Every structure is written in structure tokens, then in C-alpha cells.
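*Asks:* Please read through the structure below; I'll follow up with questions.
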Amino acid sequence: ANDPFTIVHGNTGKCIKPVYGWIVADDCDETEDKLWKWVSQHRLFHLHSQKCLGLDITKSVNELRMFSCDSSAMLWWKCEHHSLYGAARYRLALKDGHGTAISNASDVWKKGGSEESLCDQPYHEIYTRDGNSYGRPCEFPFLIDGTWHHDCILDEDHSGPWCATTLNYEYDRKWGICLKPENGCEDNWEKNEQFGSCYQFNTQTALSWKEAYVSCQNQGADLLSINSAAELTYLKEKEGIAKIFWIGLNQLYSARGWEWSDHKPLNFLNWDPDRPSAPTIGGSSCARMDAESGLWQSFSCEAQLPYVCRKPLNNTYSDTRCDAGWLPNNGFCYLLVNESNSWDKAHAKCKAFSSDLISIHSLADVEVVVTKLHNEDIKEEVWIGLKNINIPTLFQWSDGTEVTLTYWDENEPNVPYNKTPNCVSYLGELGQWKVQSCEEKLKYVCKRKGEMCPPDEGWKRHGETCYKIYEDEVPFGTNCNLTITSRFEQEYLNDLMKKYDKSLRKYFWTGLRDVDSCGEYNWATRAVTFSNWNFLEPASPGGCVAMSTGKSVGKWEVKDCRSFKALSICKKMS
Numbered sequence: 032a033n034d035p036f037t038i039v040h041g042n043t044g045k046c047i048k049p050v051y052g053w054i055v056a057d058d059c060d061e062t063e064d065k066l067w068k069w070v071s072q073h074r075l076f077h078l079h080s081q082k083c084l085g086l087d088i089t090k091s092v093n094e095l096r097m098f099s100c101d102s103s104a105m106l107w108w109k110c111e112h113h114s115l116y117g118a119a120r121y122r123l124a125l126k127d128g129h130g131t132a133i134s135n136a137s138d139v140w141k142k143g144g145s146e147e148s149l150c151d152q153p154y155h156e157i158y159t160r161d162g163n164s165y166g167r168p169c170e171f172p173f174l175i176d177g178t179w180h181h182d183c184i185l186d187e188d189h190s191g192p193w194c195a196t197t198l199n200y201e202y203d204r205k206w207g208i209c210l211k212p213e214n215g216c217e218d219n220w221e222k223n224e225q226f227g228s229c230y231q232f233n234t235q236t237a238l239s240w241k242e243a244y245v246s247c248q249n250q251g252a253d254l255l256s257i258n259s260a261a262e263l264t265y266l267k268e269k270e271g272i273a274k275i276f277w278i279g280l281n282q283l284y285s286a287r288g289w290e291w292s293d294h295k296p297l298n299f300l301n302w303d304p305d306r307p308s309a310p311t312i313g314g315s316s317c318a319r320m321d322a323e324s325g326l327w328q329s330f331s332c333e334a335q336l337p338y339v340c341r342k343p344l345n346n347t356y357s358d359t360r361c362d363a364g365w366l367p368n369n370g371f372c373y374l375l376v377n378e379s380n381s382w383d384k385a386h387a388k389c390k391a392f393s394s395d396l397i398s399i400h401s402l403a404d405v406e407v408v409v410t411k412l413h414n415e416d417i418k419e420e421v422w423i424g425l426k427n428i429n430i431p432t433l434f435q436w437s438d439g440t441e442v443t444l445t446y447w448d449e450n451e452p453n454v455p456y457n458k459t460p461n462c463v464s465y466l467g468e469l470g471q472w473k474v475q476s477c478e479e480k481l482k483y484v485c486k487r488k489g490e500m501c502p503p504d505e506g507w508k509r510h511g512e513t514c515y516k517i518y519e520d521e522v523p524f525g526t527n528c529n530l531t532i533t534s535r536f537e538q539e540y541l542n543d544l545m546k547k548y549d550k551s552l553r554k555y556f557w558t559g560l561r562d563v564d565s566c567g568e569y570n571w572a573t579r580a581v582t583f584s585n586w587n588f589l590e591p592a593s594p595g596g597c598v599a600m601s602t603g604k605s606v607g608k609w610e611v612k613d614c615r616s617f618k619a620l621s622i623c624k625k626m627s
């Protein structure tokens, strides 16, 4: 994974370590010989001795001692609440300052310095470039000449830090250069001042789209997003990089519809008509680039391809007067024309209203047009300001305001090939957006100007209510019991969690709980009218319900109220 730590007994506060390969408790000193990291396959590596903690279960010996890490003893360890279990769920325990392994043991284990359980951080992989491994990640530990290395190696023999990528280096001799995170754009990166960002071109690599996402995320970067024709033309003419590589455009981690993994708006598009927005092969939810044609193809997320990372650099009201009929919101006014008409015609009517066609800049906005202006004919599309006239595509607002939010529906934005202008409408329960033929006579909306949540306390604005993410993973109820009242609040909660945890691994609490083990899930305090259960959920009774990001962003899953920890999202101002 990542960093060394010390293993601290709960009842004595003493740090375990091995002497002559046996586990004894000791007074935490500040040296090396009390340090452990996780290694691959769920092993605890004691750094000083180059041995892995293990448990011999042949016969009933249950001998708890150190082994070579390639040993065939039971070297795997998993956390259960606070205790650490291995084979058959024997738990790591202390007897008389001596390490044992016994059933239903009560001992408590926590990493010193901090006080989290031993499995609270997850195993970070480290991907490579170059070498002879086509990007495959390091296998820790690896063995060269009696020494078991737990991290990358600096040698005069290799360009920079390096690691073996199989479980048997001396035989397979398969290795690569470590892709670790950085500060400047040196040696591992490429400055490009025109775009304000550095580029990493992992040219001879074979990663799935998810492996690729993780390797840029670990480096403190993102998968490439292409935001402009200049950006696109740069990448097309670049020399010496892959002909086909992953980009961050994806329909996997979104609530629905295509998005940039880095959350930059999707307004510049360059779809290959052969593998477009609606994928030919059904279920292809990632997108690659063809640096020869310059086009973007939807593709199976599991294909092993090359990929490109990118990161930036860094620098050195209450209500609103509207004319009657119009709806006030922020400092703007909205009016929904029922008289269906085409796009250019609809634009012209809004100009004749001394307004323009609505530009939408927040889920808050989306919510007000869907729940306030209109509520019945959800099945009819409604025109929105957003339109392209270029090749490659570049949706823009009719009022020249910047494109911040692009709220595409599933398989949108579907641009036709070589066929401008391209207009955008909204339909469905959520106000989601699709591309449309500019002649369709739809209703439309005109937007015209009209007339405490401290940002230090941690608060973020979404209409009237304010939200806040408590940064520490904690048991249920600790900070609040959050009630999710509608599909719109869920949609805004997804944007929050997606923006907070680029790692895809944390969970966030809901207030929903089954207090008795009978089956009713109700908000720990409102009536559960809006549901958002994930597949095959609620799994079981007596639980506490959390959500995450990733494939199922925001979908509810029932956790064990006793052991499960998750971040707190809380709200006030009603």
C-alpha cells in the first residue's frame, strides 16, 4: 500500500514486534524495528527483519510467528471491527507480552500515532512505465539477492525508482519504473504552458480503464480530459505517443450519461461515428482516443490499452424582483413558453422577451426548472440555450456564460456526425439533457436577470439548504442522521461525494436505519418516500445504510452498524 506503521495493543498500549521471529509486546520507541506496512495478498511485512507475520495451522499448533514472505504458511490477515483475524478467524492476541492467535479473542489493535483499525487504509497499487512490463504494477515484496524489498529501489542501474512486477523477480526478471506522485513536472511529466497543465504519456502500457484511472489518481492527477479544439489538435499532432490511448471520458462512474472523470464539463466532443455515444457493443462504458484520426470511441472498459494522465499547476440576494408570471431564482427570472416552437424561433422569442434561452449552471438550477416552472408533461423535451455550430463539437450557451455543468442523460451527448447545428433539450424525471435536431417544436424557457453557512465551518451551498462533509470515517450517527428527501437531493449528494473522494473507496452515511431487526428502514430522527437502493438491497435487517462513489454512485447499501465506518454528510437551514 503506502506507509509504515506500528501495531499497538489496545489494553496495554504496547507495540508488538518480533525477536528471533517471535512476537513480543514492547514499549513503542521511535525506531525502525516496530514498523510494519501491508504488502500484497493481505500480508503484514515487518520492515526490519524482512519477514511477514504468519500463522502455522498444520496440526493444531496455531503457531504465530514470522515466516519468509513466500512461505506456504497462512500469511493473510483481515480486520474485523478492531481485531485482526487470519486463518479460520483466529485473532491476533497478546498473552504475557507474547503474541498468540486464539478464537473469540478480545484484544484490540490500532496503528500508533493515529488510532485507526489496521485495515482502514486500502492497499495502494503503484503502476509502472517502461521496463519490460507494459505498465503492470509492482508486486511487493520482491526478492533480489537475499533482500525482500517493500518499496521501489533507487539504483545506478535504472532510470529512477523501480520494482519487480511479479512474485518471482530472480526468475521472471520482469520489472518497471515506478509511477509515484510528484510536485514539479520533471522526468515523469511534460509541461505545456498554453493549457496550464502537465501531460504524462504512458505510451507502452496495457491497462484497463479502471486500472488507468487509479494510476493517475495515485499520482495526484487525472485521466486526460480534452476541453477545446486546440487541446485536441495538440494531442493529434504530438509525436512519439500511442496511436490509441484511454482518456477520462466515461459513462461508468457517472450517475448516468457520459462525463469526464476529472469533472470538467463535457462540452467539447469528437465522437467517432463508428463507436459513438450510444455504444455499438452494448455495455461499453469507457472511451479511448485515436490519435491518428483524433476521434473518440466508446470501448469495453476492460481492454488493456495505453493511457495519459494530466494535472494542473498553481497560481502565485435573499429574494428577487421579477415581473409577474416569471419565476424568481437567485438573481434571475424564468418563464416557460408553452407554445412549442423550433430552436432559432424560440431563441428569437426570448430575445423579444428581453431575455435569452435559459443557461443552467447548477443542479440547484436544474431542480428549480423541473419542480417549479412545469411538472406534468415530463415526456416532452424542453429547449435549453445550449447549442453547437462547430466541428469538432463545442456546445455553448446562447448568452455567452461559461459552460460549467453539462447534465447529460444516458448515452448523451449523442452528436450526429458531420451534421451541425446541434441543439440541446431536457426531459425526464431529473431534468437531464439530450442532443436534439434544432427544428423540433418544443416548449422552451427564457432566462432574465431580476433584482448562515460559513465556508470555513465546511459548508457548501445548494439552494436554501447547506451541506458539509466531515472528513473522518466514523460510526453511524456520530455527526448527524441525514435524511434524503428526493431524487434531486440524491443527485446533488452524488455530485458532492464524487467531488470529495477521487479515490472511489470511501463511504458516506445516510440517516436510514433499521433500529430493530424487523425490516423497516426509517430515518433516524420524515417518511421514507424516496428510495435509492443499490442492486440486491436492502440486503438484510438491522443495518445502517451508506453510499459510495464508483459504478453505483449514490446507491444505498446496508452496512453493519457495529463495525462499519463512513464519512458524515450533514445539512442545516432546512
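What the sequence shown shows, in the authors' numbering, is residues 32 to 347, 356 to 490, 500 to 573, 579 to 627, in sequence order.
By construction, the Cβ of each residue, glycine as well, lies at the ideal position given by its N, Cα and C atoms.
1) Can you check whether the CB of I517 is closer than 9 Å to the CB of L544?
2) Given that a residue counts as buried once 16 or more other Cβ atoms are within 10 Å of its Cβ, and exposed if not, what is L344?
3) Rounded to the nearest angstrom, what separates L300 and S315 at their Cα positions?
4) Would you mind sorting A261 into buried or exposed? The rule is 16 or more other CB atoms within 10 Å of its CB.
5) Out of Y284, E420 and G162, which has the shortest C-alpha to C-alpha gap to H189?
6) Determine the closest residue to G177 out of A286, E512 and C100, with distance taken between C-alpha atoms.
7) Count Cβ pairs between the stretch 334-342 and the stretch 235-255 that sit closer than 8 Å; are there 3 or more?
8) Quick check on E262: does DSSP put it in helix, strand or coil?
9) When you compare only the Cα positions, how much space is there between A592 and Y116?
10) Roughly how many angstroms lie between the CA atoms of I88 and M105, to the nearest whole one?
11) Compare the Cα-Cα distances from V463 to each of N457, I397 and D60 and report the closest residue.
12) If you draw a straight line from the alpha carbon of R74 to that of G325, how long is it in whole angstroms?
13) Under the DSSP definition of a beta bridge, which residues are partnered with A592?
14) What number of angstroms, rounded off, separates the C-alpha of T236 from the C-alpha of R160?
15) Would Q225 be called buried (16 or more neighbouring beta carbons within 10 Å of its own) or exposed?
16) CB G143 to CB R96, shorter than 9 Å?
17) Considering only the alpha carbon of each residue, which of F98, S164, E170 and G85 lies closest to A132?
18) Which residues in the same chain have their Cβ closer than 6 Å to the Cβ of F171, if we skip the five residues on either side of it in sequence?
19) Where in the stretch 379-403 do unbroken runs of the beta strand (DSSP E), each at least 3 residues long, occur, reported from the N-terminal end onward?
20) Ignore the nearest five residues each way along the sequence and tell me which others in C597's own chain have a CB closer than 6 Å to its CB.
21) Within a Cβ cutoff of 7 Å, which residues of the same chain sit near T526, ignoring the five residues on either side of it in sequence?
22) Output needed for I428: all residues of its chain with C-beta closer than 6 Å, excluding positions within five of it in sequence on either side, in chain order.
23) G41 and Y284: beta carbons closer than 9 Å?
24) Going straight from the alpha carbon of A387 to that of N380, what length do you get?
25) If you compare alpha carbons, which of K68, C46 and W67 is closest to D60?
26) Apart from the five residues just before and just after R509, which ones in its own chain have a Cβ nearer than 7 Å to its Cβ?
27) In angstroms with no decimal places, state the Cα-to-Cα distance between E323 and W447.
28) With a CB to CB cut of under 6 Å and the five nearest residues on each side skipped, what residues in its chain are close to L552?
29) Between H413 and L366, how many whole angstroms is the CB-CB distance? I'm expecting something under 8 Å.
30) Could you work out which residue in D564, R360 and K109 is closest to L149 when comparing CA atoms only?
31) Could you tell me the alpha carbon to alpha carbon distance between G511 and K426, rounded to whole angstroms?
32) Considering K546, what are the terminal residues of the alpha helix (DSSP H) in which it resides?
33) Would the C-beta of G313 count as close to the ligand MG, meaning under 8 Å from any of its heavy atoms?
34) Out of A363, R306, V39 and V50, which one is the CA nearest neighbour of residue 23?
35) With respect to the beta strand (DSSP E) encompassing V245, which residues constitute its N-terminal and C-terminal limits?
*Replies:* To lay it out plainly:
1) yes
2) exposed
3) 18 Å
4) exposed
5) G162
6) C100
7) yes
8) helix
9) 24 Å
10) 7 Å
11) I397
12) 45 Å
13) According to DSSP, which records beta bridges pairwise, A592 is partnered with nothing at all.
14) 7 Å
15) exposed
16) no
17) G85
18) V70, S71 and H181
19) none
20) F524, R561, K612 and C614
21) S621
22) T459 and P460
23) no
24) 10 Å
25) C46
26) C501
27) 28 Å
28) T602 and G603
29) In fact, because the Cβ distance is near 10 Å, the residues do not count as touching under 8 Å.
30) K109
31) 26 Å
32) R535 to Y548
33) Of ligands this structure carries none, so the ligand MG is not represented either.
34) Because the chain in this structure spans residues 32 to 627, residue 23 falls outside the shown range and cannot be described.
35) First-last for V245: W240 to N249, but that is the alpha helix (DSSP H), not the beta strand (DSSP E).
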